[PDB]
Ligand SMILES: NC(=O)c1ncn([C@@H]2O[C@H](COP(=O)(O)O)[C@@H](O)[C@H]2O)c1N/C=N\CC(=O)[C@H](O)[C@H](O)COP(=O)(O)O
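What follows is one chain in structure tokens, specifically the form solved without the named molecule.
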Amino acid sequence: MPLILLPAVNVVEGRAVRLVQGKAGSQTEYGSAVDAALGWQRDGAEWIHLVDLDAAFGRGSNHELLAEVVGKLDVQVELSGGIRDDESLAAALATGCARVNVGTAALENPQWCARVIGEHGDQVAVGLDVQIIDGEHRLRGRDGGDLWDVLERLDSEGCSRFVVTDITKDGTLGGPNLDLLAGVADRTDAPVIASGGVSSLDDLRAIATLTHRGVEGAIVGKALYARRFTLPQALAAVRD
């Protein structure tokens, strides 16, 4: 039952955007979101994590592009970014994506969040952005509440899935936060998707040690562009 890898495609201005490591150093590279997604699929991705960063900041939507990516893909898409109300949720689902992620809305509109969880079940996952200040696990994103408190509320509301990021300043410095991942996974019956803190295959292997504990997958972002490993290498590293 291997860890599912979800290569990320981040979308700004209708284009894919990534932080890349070239020979000379880091820079921001744009490309076609279709190209990036199809590339991952051919590399062996069964899931793409598609993020509308314009929507995430209300600076626009890339709805038609998002739909084109979902449509052209033969594999499944998890869609995220600015999914906050009835209108934006409908629009996200209208892309034909397998499921969506709700984030800040869980901290901002708990009742709407509970309503859409009940309505859409497995089509809705909640992103938990966790800051760790002096031992305390807090939620924030774009204070936002106690992590364990909000996790319990969401678990009891029937939340089907959680996406867990440690956003603590320098908290993913020595690799992914397995304590937090295992922390969340132990407190809910819902599967947990790891996001952030991945810079190597070893980081993925480490996350993979928690599959039997409820860590279903890992979103892989810029690490795929760091010229350290390929998606096929990553997929192979977690299956064996």
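In this text, residue numbers run from 1 along the sequence as written. Between two forms, the rigid core is defined as the largest C-alpha subset superposing within 1.5 Å.
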item	value
Absent coordinates between residue 142 and residue 143 - deposited residues affected, binned into four classes	4 to 9
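Unshown form deposited with the named molecule bound; subsequent notes refer to it.
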| query | finding |
| --- | --- |
| The single option of 38, 178, 53, 201 touching the named molecule in the deposited bound form, heavy atom within 4.5 Å | 53 |
| Partner-facing stretch of 114-122, 150-158, 131-139, 101-109, counted where any non-hydrogen atom is within 4.5 angstroms of the named molecule in the deposited bound form | 101-109 |
| Residue 18: touches the named molecule in the deposited bound form, heavy atom cutoff 4.5 angstroms | yes |
| Partner proximity in the deposited bound form: residue 72 to the named molecule, non-hydrogen atom cutoff 4.5 Å | no |
| Residue 217 within 4.5 Å of the named molecule in the deposited bound form, heavy atoms | no |
| Residue contact check: residue 171 to the named molecule in the deposited bound form, 4.5 Å heavy atom | yes |
| Heavy atom within 4.5 Å of the named molecule in the deposited bound form - qualifying residues of 78-92 | 80, 81, 82, 83, 84 |
| Rigid core superposition between this form and the one not shown: residue from 171, 191, 44, 196 with Cα shift of 2 Å or more | 171 |
| Residue 209: Cα shift of 2 Å or greater between this form and the one not shown (core-aligned) | no |
| Shift in CA distance, residue 165 and residue 170, in the deposited bound form relative to the form shown here, given it is 3 Å or more | closer |
| Cα-Cα trend for residue 169 and residue 163, given that in the deposited bound form the distance shifts by 3 Å or more | closer |
